[PDB]
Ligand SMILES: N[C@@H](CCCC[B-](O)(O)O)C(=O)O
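Just the one chain here, laid out as structure tokens, in the form solved without the named molecule.
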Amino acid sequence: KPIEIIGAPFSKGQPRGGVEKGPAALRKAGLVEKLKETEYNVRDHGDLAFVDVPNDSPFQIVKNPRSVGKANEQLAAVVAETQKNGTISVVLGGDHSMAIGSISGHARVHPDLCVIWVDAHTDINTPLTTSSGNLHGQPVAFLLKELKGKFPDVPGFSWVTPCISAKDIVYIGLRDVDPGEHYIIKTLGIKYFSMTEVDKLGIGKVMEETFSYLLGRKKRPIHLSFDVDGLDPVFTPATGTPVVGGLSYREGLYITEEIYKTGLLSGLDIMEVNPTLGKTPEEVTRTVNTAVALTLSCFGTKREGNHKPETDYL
């Protein structure tokens, strides 16, 4: 199978600059070369150049709508392109608003895909419910079929078509949900595993259940959108919105190893790595290294070890 890396050095979805440096830091850490060591064919598409929309006035509370909408339209085009050729798309953020383009493009080719969202947040604030006009906290609102017409059309997003329903998404790691968002997920009946279900069940059973929920009836492509703040700040401190009490490095790797085993991974997002938010160089290195480890894990790297087939090492 083929892997295509696409860097989305974008940050207008939130107020903290620096996430645009994310793809660079990940490449600098040897992400691409380490992936070539796996059984996959790797092709680096490079970073996308995002044109800045001048005079991008905020829409009500929503900041940089046009700049975010345009960058996402462009990303969706690139992703649909790679997906069409039958390759696996790996997007390196950038803030989480880029999931709009990533998932949209992916869904054009695989309309029946399901999404596993790993994040401390639901990121499902609608333009009417946000306390800040920050779009990184609103991706899922733009993708749900059930949220269509429940919020005014935003400048720059008219190309978007709600591709997935409430039945096709599962959240893992939740621990910082606004009252509005919580209202939404309860009302829509969206399956989730907050830190409390993880604590109650253990990560092993959490994965068993998300799989029987999403793949029980039909086997379909999986899109894993991974916000690095889903792990505890001790492992991924260099992020914009760290929340204590998160998934451990072990649980994170467990998630990715189980996904790899399904043989159904189709799209992957490694989002919110912000190299400029590390208090010490080691905090940055810690964050990058774990992002890299999770990516490699999605593609076969096992903790029990790996050996090349047909090679008699004796």
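Residue indices: 1-based, along the sequence shown.
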Compare the mean C-alpha B-factor of 302 to 310 with that of 287 to 295 as given in the PDB entry, and name the stretch with the higher value.
302 to 310
Segment of higher mean CA temperature factor, 135 to 143 or 220 to 228:
135 to 143
Among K148, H106, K200, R175 - the residue whose C-alpha B-factor is largest in the record
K148
Given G101, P127, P179, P237, identify the residue with the highest C-alpha B factor in the PDB entry.
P127
Chain thirds by Cα B factor, record data; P242 belongs to the lowest
State the tercile, meaning the lowest, middle or highest third, of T210 with respect to the CA B-factors recorded for its chain.
middle
Quick tally, chain-level thirds of C-alpha B-factors: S67 sits in the middle
What third of its chain's C-alpha B-factors does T196 belong to: lowest, middle or highest?
lowest
Compared with the other modelled residues in the chain, in which third is the CA B-factor of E272?
middle
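A second form of this protein, the form solved in complex with the named molecule, is not displayed here; the remarks below concern that form.
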Open or blocked: the named molecule, posed as in the bound PDB entry, superposed onto this form via site C-alphas, with 3 or more ligand atoms within 2.4 Å of backbone or C-beta counting as blocked?
open
Within 4.5 Å, heavy atoms only, one stretch in 150 to 158, 78 to 86, 192 to 200, 122 to 130 touches the named molecule in the bound PDB entry. Which?
122 to 130
Of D168, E73, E181, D232, the only residue with a heavy atom within 4.5 Å of the named molecule in the bound PDB entry is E181
If you check in the bound PDB entry, is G173 within 4.5 Å of the named molecule, heavy atoms only?
no
With a 4.5 Å heavy atom cut-off, would you call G137 a contact of the named molecule in the bound PDB entry?
yes
